[PDB]
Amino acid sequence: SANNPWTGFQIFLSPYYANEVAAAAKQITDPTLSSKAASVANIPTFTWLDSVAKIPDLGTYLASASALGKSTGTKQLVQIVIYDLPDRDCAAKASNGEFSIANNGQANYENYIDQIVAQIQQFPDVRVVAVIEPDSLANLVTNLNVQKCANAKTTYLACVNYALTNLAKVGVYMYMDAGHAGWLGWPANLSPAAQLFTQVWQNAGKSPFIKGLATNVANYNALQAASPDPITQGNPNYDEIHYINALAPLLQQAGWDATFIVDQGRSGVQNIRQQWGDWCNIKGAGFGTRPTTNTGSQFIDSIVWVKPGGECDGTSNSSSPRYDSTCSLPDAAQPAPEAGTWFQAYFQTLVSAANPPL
């Protein structure tokens, strides 16, 4: 499109990921690998607002970005993930996240959005790009047979609408999560997905700040695979570029010339999964293509690192109340700590297996 949110801006580097990376690199013993690891702190990632507890951090990042821009003559851009729906991750094993539909979850979520908007409003010289709710709307395409998803459908739609509508009022550029090629990219899922995303865009007033969709968030697919990963058999859309090429014209016909961003933060190593749906701490993953607006596609505004590699996807300990058995599969790195916490051995392998090399 004419207006790529990233062009002309310098991305604010997460100091939280930077602190995780610095502490991680000091523990890596090979000096050459340690220095490569430390350099990861210079690679832009998204900050996950996975709880109200993360909102004060957001405020600090906005103010720091504003000052850094003034100190360097640049316009700064802060990258966030909105990730706190009630009954979050409805098709996953075990609940997670602080809000529940049964306990005023939607109202609590809208207060979470209000707190985020109240921060962003204070820093108009900082641009914000937000990924809207990974692992949400995609469930409403394929997973309505999951009763928790069926029962969450109206709440997910209302909450995503509230986020889009209110973040647009403060000029946030937004990409709704849209799964990945092995979820919504199956040819038969493309039209149902387009119909849902278009309805969501319409309900939020077709705001021009709703730029499009984010794909492969927290996943491992190739953007452009050299050959199809065996997990993809039956799906001609075996990588993200095939998925996006197939989906984008359906949105265009609805009057939404949508653009896309694609997570590649853990995509450096292909052909590492036994089944396409295996998502938790996949063993042998490597850091992938660094974020860039040189995307190779008319539809793609940026390759991005949304999920910060090294932060765990979930525990392998079956005694944890947060335990998801996906995190114990033969292709999941084990033992693994609780979701979001640092997984040092996994990070070291992400560095060692980075492609392109660090």
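For clarity, a rigid core is taken as the largest C-alpha set superposing within 1.5 Å between two forms. Numbering starts at 1 and runs along the sequence shown.
Asker: Following superposition on the rigid core, is the mean squared CA displacement, expressed as RMS, greater for 91-99 or for 224-232 in 4 other deposited structures of this protein?
Answerer: Between 91-99 and 224-232, the one lying farther away in 4 other deposited structures of this protein is 91-99.
Asker: Please pick 100-108 or 181-189, whichever has its Cα atoms farther from the shown form in 4 other deposited structures of this protein after a rigid core fit.
Answerer: Greater root mean square C-alpha distance in 4 other deposited structures of this protein: 100-108.
Asker: Given the B-factors recorded for C-alpha atoms, which segment has the greater mean, 97-105 or 261-269?
Answerer: Mean CA B-factor is higher for 97-105.
Asker: Higher average CA B factor in the deposited record is what I'm after, so tell me if that's 6-14 or 340-348.
Answerer: The entry gives the higher C-alpha B-factor average to 340-348.
Asker: Per the coordinate record, which of the options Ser302, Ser66, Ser325, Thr47 holds the highest CA temperature factor?
Answerer: Highest C-alpha B-factor among the listed residues goes to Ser325.
Asker: In terms of recorded Cα temperature factor, pick the maximum from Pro208, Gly212, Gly179, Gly284.
Answerer: Each of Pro208, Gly212, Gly179, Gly284 was compared by C-alpha B-factor; the highest is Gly284.
Asker: Which third of the chain holds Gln79 when residues are ordered by C-alpha B factor: lowest, middle or highest?
Answerer: It falls in the bottom third of the chain.
Asker: Among all modelled residues of this chain, ranked by Cα B factor, put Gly288 in the bottom, middle or top third, i.e. lowest, middle or highest.
Answerer: CA B-factor rank for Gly288: middle third.
Asker: Ranking the modelled residues of this chain by C-alpha B-factor as given in the entry, is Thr72 in the lowest, middle or highest third?
Answerer: Within its chain, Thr72 is a highest-third residue by C-alpha B-factor, going by the deposited values.
Asker: Taking the entry's C-alpha B-factors for this chain, is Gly185 in the lowest, middle or highest third?
Answerer: CA B-factor rank for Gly185: lowest third.
Asker: Taking the entry's C-alpha B-factors for this chain, is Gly234 in the lowest, middle or highest third?
Answerer: Middle third, going by the recorded CA B-factors of the chain.
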